[PDB]
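Student: There's a structure below that I have some questions on.
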Amino acid sequence: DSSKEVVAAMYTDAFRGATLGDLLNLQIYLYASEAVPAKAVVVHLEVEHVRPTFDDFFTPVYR
Amino acid sequence: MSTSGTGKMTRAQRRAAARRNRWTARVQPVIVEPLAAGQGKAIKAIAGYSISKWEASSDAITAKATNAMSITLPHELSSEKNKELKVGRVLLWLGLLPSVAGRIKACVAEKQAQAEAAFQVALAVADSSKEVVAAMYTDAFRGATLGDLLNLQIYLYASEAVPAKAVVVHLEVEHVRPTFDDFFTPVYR
Amino acid sequence: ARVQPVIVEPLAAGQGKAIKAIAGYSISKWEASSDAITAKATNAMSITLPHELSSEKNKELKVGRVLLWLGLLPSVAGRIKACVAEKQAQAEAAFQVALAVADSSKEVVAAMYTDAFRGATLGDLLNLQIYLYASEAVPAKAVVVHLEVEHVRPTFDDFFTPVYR
Amino acid sequence: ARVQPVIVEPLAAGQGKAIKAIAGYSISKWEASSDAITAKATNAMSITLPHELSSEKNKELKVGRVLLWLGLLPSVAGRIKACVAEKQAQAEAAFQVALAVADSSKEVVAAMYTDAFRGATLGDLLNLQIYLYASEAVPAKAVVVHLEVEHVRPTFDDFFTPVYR
Amino acid sequence: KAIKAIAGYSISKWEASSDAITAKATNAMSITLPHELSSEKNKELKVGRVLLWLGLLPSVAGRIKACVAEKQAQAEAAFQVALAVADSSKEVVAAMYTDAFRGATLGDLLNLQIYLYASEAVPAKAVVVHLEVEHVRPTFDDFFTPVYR
Amino acid sequence: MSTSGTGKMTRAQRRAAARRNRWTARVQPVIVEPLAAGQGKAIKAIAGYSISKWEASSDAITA
Ligand SMILES: [Mg+2]
Ligand SMILES: [Mg+2]
């Protein structure tokens with residue numbers, strides 16, 4: 001909520017556990033009191049998910 | 001007696017005394033296993049070091065000429081706080097179309113004045129003729145502004161002129177792991 | 001470090017190279033027969049998954065190591081390369097990015113997708129494809145590709161089904 | 001002596017082959033850019049020694065192991081061999097007697113002059129030459145040769161020089 | 001009565017030939033850094049105290065000076081902010097930039113020219129200038145290159 | 001001192017302290033022996049197992 005001091009929502013355990021793809025089918029909603037332009041605002045999504053394995057090791061030299 | 005020196009009936013045997021003869025050390029047999037595609041080895045990064053990779057699509061290359069491309073990083077590590085980050089050993093390899101015109105090579109060195117000159121000096125070189133189409137810049141670039149790299153292009157040569165997007169090239173690069181990966185964001189902004 | 005007087009022993013087709021499978025993770029394979037391919041072009045078939053493991057029960061499984069080798073007639077027309085990637089938008093684009101790739105100019109014509117797919121739904125594969133390119137054009141069934149994959153054992157081979165419901 | 005089931009791992013350009021230097025003996029290198037060479041003929045350049053170590057102080061030094069590899073444009077014209085000997089009277093005569101010789105048909109295009117010059121004045125080199133031959137004629141700067149040598153550290157990097165004499 | 005470098009610190013020096021100049025005017029020259037250290041690798045190394053001095057023909061014009069500072073917008077003004085300066089009138093034709101740069105990217109200096117003024121106009125290669133610079137010795141220093149290229 | 005570090009007269013020597021550098025494990029040299037015809041290997045059968053062999057003459061094969 002914008003009216004609130006904290007312009008954000010916490011989905012703690014709300015979505016804990018779910019195909020890191022499941023999420024795709026599931027949109028996000030935004031309402032405005034006064035009509036408004038595009039790129040008029042962004043929105044970030046800090047999401048917890050199991051760390052992958054790429055982050056580490058390189059790549060098989062032998063392909 | 002010695003090897004299968006087990007027979008029937010009598011049968012004496014003697015040798016001779018001298019200064020030996022056979023080699024000093026003795027043999028060991030082996031069997032080189034046949035390895036298939038990808039079985040190779042993707043050595044894991046190191047301590048507190050991430051390996052960020054990604055590719056860049058090719059540019060229409062000509063006859064025997066060799067192009068270049070200031071390589072640029074992705075938005076994530078494109079932070080002034082991470083720009084001044086350190087790097088480790090790093091490698092480049094390349095995925096390309098099956099139907100390939102001639103054989104070709106590629107490397108990387110400081111924003112070369114002369115584009116072809118690169119191949120006369122780079123530590124390693126991804127050669128197509130070779131079984132390993134990639135180069136290892138181990139310690140070659142260890143330690144360096146994770147931005148430094150920007151000013152420093154990559155070079156590619158082709159025997160037969162060729163189209164663009166005709167081939168990509170990945171860059172597995174070791175660099176200190178950032179801090180974003182973990183913790184969320186200050187709710188209070 | 002005195003040198004080691006060694007001796008490479010000769011390896012004869014189909015010898016050694018035993019490939020142990022992982023625990024709990026059972027490996028199951030099969031193959032898709034090629035469809036005629038043109039010269040230098042590269043076809044692609046969605047994963048020819050076997051019905052044996054189509055049940056959403058097991059179809060909702062995971063994988064790991066995945067082999068891929070091929071059988072081609074002795075009358076093999078020149079050479080060909082093969083691999084697999086994510087429903088590649090561009091056909092030939094697959095070869096520009098797979099971890100492995102079987103080739104006919106290789107002693108061992110096969111590709112090992114070592115963990116590269118580890119932890120992926122058994123169903124998750126069908127949105128994958130297998131890509132094969134050939135030097136000179138050629139017929140179909142002309143070549144067979146063998147998707148050798150390992151994953152797990154479910155809850156069926158275990159037993160039959162309902163006598164009286 | 002049961003056989004050893006082994007496995008040659010694939011080596012990718014610029015991998016391993018770390019070459020530790022000896023103690024006290026510091027290694028310093030550089031390179032001379034080729035001058036146009038004709039077809040099959042072999043040029044030769046006196047040692048292109050660097051001024052950095054021209055001081056009679058350090059010029060009167062000694063050496064040991066000495067590498068020599070080369071960089072050539074991708075558009076490499078056929079093949080070429082290179083080496084170094086005592087101000088060879090005959091140019092091609094050098095190849096008939098050097099301990100090592102880098103070649104373009106070798107996996108590793110470089111030559112290792114292992115101790116072959118150990119204990120020689122750093123100056124003692126200039127009365128040496130580097131010889132390079134080419135299959136077909138070719139331009140200058142067309143190739144660069146890298147004299148990688150090891151010797152010792154002197155008495156200068158150590159510090160600056162006279163503030164007030 | 002001599003001088004010393006620092007721990008694990010090398011002193012790389014070299015000179016740069018003068019480009020002829022006009023009288024009273026003062027030229028500048030970005031730094032002709034040594035290739036060996038132009039590698040972003042060590043190019044991003046740490047420097048120590050550093051000094052500049054200058055060898056010049058005997059037969060030379062009126063006493064002139066020279067220094068070094070950040071890419072100075074005003075060539076002449078670089079001498080008002082100069083930390084030390086090599087004066088010819090002085091018995092010491094050199095400047096000591098001790099701790100003045102102690103601790104800076106070996107590639108930093110690049111974005112930082114050198115300034116020289118002259119009483120009487122003068123020829124090119126008419127005078128050189130050496131730069132004895134402290135910087136941490138790098139790695140390779142004592143080990144060959146992988147033959148496998 | 002280390003390798004042939006035996007000379008004449010004095011001559012001090014010092015190094016530097018850091019985080020080492022050289023590879024972790026060290027080298028082993030070898031020499032692949034050249035094998036001739038038949039030297040190979042005719043692995044012996046196994047327990048209570050015979051190895052029956054024999055050949056079959058070819059048939060005129062085509063193109
Ligand atoms: Mg699912
Ligand atoms: Mg910086």
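Here, A, B, ... name the chains of the structure tokens in the order displayed, residue numbers run from 1 inside each chain, and ligands are numbered from 1 in the same displayed order.
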Give me the residues near stretch 151-156 of chain B as an NGL selection string, where near means some atom within 10 Å (using only C-alpha atoms) and where sequence neighbours in that chain fewer than 2 positions away do not count.

Tutor: (:B and (58-59 or 61 or 65-72 or 92 or 104-112 or 115-119 or 122 or 125-126 or 147-149 or 158)) or (:D and (74)) or (:E and (39-40))

Student: Running DSSP on the backbone, which parts of stretch 17-141 of chain E land in helix (DSSP H, G or I), as a PyMOL selection string?

Tutor: chain E and resi 35-37+40-43+78-81+140-141

Student: Here is a test: counting only C-alpha atoms and all ligand atoms, which residue of C:98, C:7, C:66, C:61 is nearest to ligand 1?

Tutor: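 Checking each of C:98, C:7, C:66, C:61 against ligand 1, counting only C-alpha atoms and all ligand atoms, the winner is C:61.
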
Student: Based on DSSP run over this structure's backbone, return all residues of stretch 13-132 of chain E in strand (DSSP E), as a VMD selection string.

Tutor: chain E and resid 26 to 29 47 to 53 65 to 68 86 to 87 94 to 97 114 to 117 130 to 132

Student: Using only C-alpha atoms and all ligand atoms, determine which residues fall within 7 Å of ligand 2, then list them as a VMD selection string.

Tutor: (chain B and resid 84 145) or (chain E and resid 44 105)

Student: Filtering to C-alpha atoms, could you give me those residues as a compact mmCIF listing (two decimals), in the first residue's frame?

Tutor:
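After the write, out38.txt holds the following:
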# COMPACT_ATOMS: atom_id res chain seq x y z
CA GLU B 84 35.28 -2.72 -8.41
CA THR B 145 38.36 -4.65 -11.53
CA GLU E 44 45.42 -2.56 -11.28
CA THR E 105 46.17 1.91 -9.15

Student: Residues of chain D within 8 Å of chain F, counting only C-alpha atoms - could you list those as a PDB file with N, CA and C atoms, in the first residue's frame?

Tutor:
ATOM      1  N   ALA D  18      51.945 -25.257 -15.647  1.00  0.00           N
ATOM      2  CA  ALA D  18      52.542 -24.172 -14.879  1.00  0.00           C
ATOM      3  C   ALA D  18      54.041 -24.428 -14.882  1.00  0.00           C
ATOM      4  N   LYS D  20      57.161 -23.441 -12.925  1.00  0.00           N
ATOM      5  CA  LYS D  20      57.869 -22.840 -11.806  1.00  0.00           C
ATOM      6  C   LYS D  20      59.263 -22.403 -12.226  1.00  0.00           C
ATOM      7  N   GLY D  24      66.224 -17.651  -6.688  1.00  0.00           N
ATOM      8  CA  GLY D  24      67.218 -16.612  -6.903  1.00  0.00           C
ATOM      9  C   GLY D  24      67.278 -16.255  -8.374  1.00  0.00           C
TER      10      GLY D  24
END

Student: Any idea what's packed within 12 Å of residue A:20, counting only C-alpha atoms, ignoring anything in its chain fewer than 6 positions away? Could you give it as a JSON list (two decimals) with N, CA and C atoms, in the first residue's frame?

Tutor:
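Wrote it out as selection-v9.json, contents follow:
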[["chain", "number", "residue", "atom", "x", "y", "z"],
["A", 26, "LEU", "N", 0.27, -17.13, -12.63],
["A", 26, "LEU", "CA", -0.06, -16.40, -11.41],
["A", 26, "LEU", "C", 0.45, -14.98, -11.69],
["A", 47, "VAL", "N", 12.70, -12.73, -4.14],
["A", 47, "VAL", "CA", 12.14, -14.05, -3.91],
["A", 47, "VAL", "C", 13.13, -15.10, -3.43],
["A", 48, "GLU", "N", 12.71, -15.79, -2.38],
["A", 48, "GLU", "CA", 13.52, -16.85, -1.82],
["A", 48, "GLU", "C", 13.25, -18.09, -2.64],
["A", 49, "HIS", "N", 14.32, -18.81, -2.93],
["A", 49, "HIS", "CA", 14.24, -20.03, -3.71],
["A", 49, "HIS", "C", 15.56, -20.74, -3.48],
["A", 50, "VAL", "N", 15.54, -22.05, -3.60],
["A", 50, "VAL", "CA", 16.74, -22.84, -3.41],
["A", 50, "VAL", "C", 17.84, -22.40, -4.36],
["A", 51, "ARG", "N", 19.03, -22.22, -3.81],
["A", 51, "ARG", "CA", 20.18, -21.80, -4.61],
["A", 51, "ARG", "C", 20.51, -22.89, -5.62],
["A", 52, "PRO", "N", 20.81, -22.50, -6.87],
["A", 52, "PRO", "CA", 21.14, -23.51, -7.88],
["A", 52, "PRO", "C", 22.58, -24.00, -7.72],
["C", 120, "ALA", "N", 15.22, -32.48, -12.86],
["C", 120, "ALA", "CA", 14.21, -31.99, -13.77],
["C", 120, "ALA", "C", 13.09, -33.01, -13.93]]

Student: What residues of the protein or nucleic acid chains come within 10 Å of ligand 1 when you use only C-alpha atoms and all ligand atoms? Reply as a PyMOL selection string.

Tutor: (chain A and resi 18-22) or (chain C and resi 56+59-62+120-124)
